[PDB]
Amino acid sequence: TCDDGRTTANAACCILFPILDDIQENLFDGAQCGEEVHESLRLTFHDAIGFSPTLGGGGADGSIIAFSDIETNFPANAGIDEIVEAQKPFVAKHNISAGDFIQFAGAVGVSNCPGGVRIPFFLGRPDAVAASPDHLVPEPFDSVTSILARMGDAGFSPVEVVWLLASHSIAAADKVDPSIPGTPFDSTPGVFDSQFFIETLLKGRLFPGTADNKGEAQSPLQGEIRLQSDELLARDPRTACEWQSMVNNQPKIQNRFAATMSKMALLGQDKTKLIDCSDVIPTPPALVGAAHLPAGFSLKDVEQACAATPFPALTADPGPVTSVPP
């Protein structure tokens, strides 16, 4: 404990500080909650969800890097191969497995985010053994049942799915509508805030680029894109309530995202042959901005889809509602 004099609870985890320091400088652009962080977060999902107790797949096993030429040609993995190519030199350079690195980079990346949380992290996943099977990654044009069943088959309850999707608060899309790459799922792609759950709950006005790409629904806001799957999920009897539940109190968004991610990172892996290295993850900057309806239009535009509970709705800020920049 440890070399720099930096510090953790179990010693096999000091291997992670050169990795951490390297990541922050050269992967994440001096550590910032931007594209490389978003794509790193997305990669933890596309690697780990590659798991089915019956259909096969090693889960959180680094397979999407180890067998990149195979998995990155899965149609559902469109746009992933660039972050794979981004991380490979760091995997090559260092002495942790591909699986560990993918999940480590995701954790670190989130902690960079304003409003972020620190996902627990474990060390010791073996090299991948085999490519994930195709057709295990939920696609944005899939039905709510299909998606709830895929995630469920991997072990998540429909409510765990809404929690994980808080990820989309720090998230954009390059491939859904190619003519508008880097267009986010909410107004604040740099901030881990509830804006995503709110803005997906507004009426859909327009298509931010070319109309009706597969998997795309109409957006409420120019400069923001909406997935068909987030739209359905927000309004479906099965997930509508918990979806609304997530409207401003970053607390539950932070608690639940942290713990379900921790759960996602262990798919196909076994926690008690791993060491806790969660202490290594950096402290995240506090939330800037309040969760607001994007002004201009009212609760007139919130499609309540939960009967049991009404809106948890703070009012909006002044006059118009302004741009959100891709």
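Counting begins at 1, following the sequence as shown.
In this crystal structure, the stretch out of 239-247 and 161-169 whose C-alpha atoms carry the higher mean B factor is 239-247.
In this entry, 116-124 has the higher mean Cα B-factor, the comparison being between 116-124 and 95-103. Take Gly182, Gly155, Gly215, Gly223 and read off each C-alpha B-factor from the entry; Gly223 has the highest. For the set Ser40, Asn26, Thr283, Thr54, the PDB entry assigns the largest Cα B-factor to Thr283. In the PDB entry, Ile49 places in the lowest third of its chain by CA B-factor. When all modelled residues of the chain are sorted by CA temperature factor, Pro75 is found within the middle third. Per the PDB record, residue ranking by Cα B-factor puts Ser63 in the lowest third of the chain.
In the deposited entry, the Cα temperature factor of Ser194 sits in the top third of values across the chain's modelled residues.
In the PDB entry, a CA B factor belonging to the middle third of its chain's modelled residues is recorded for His135.
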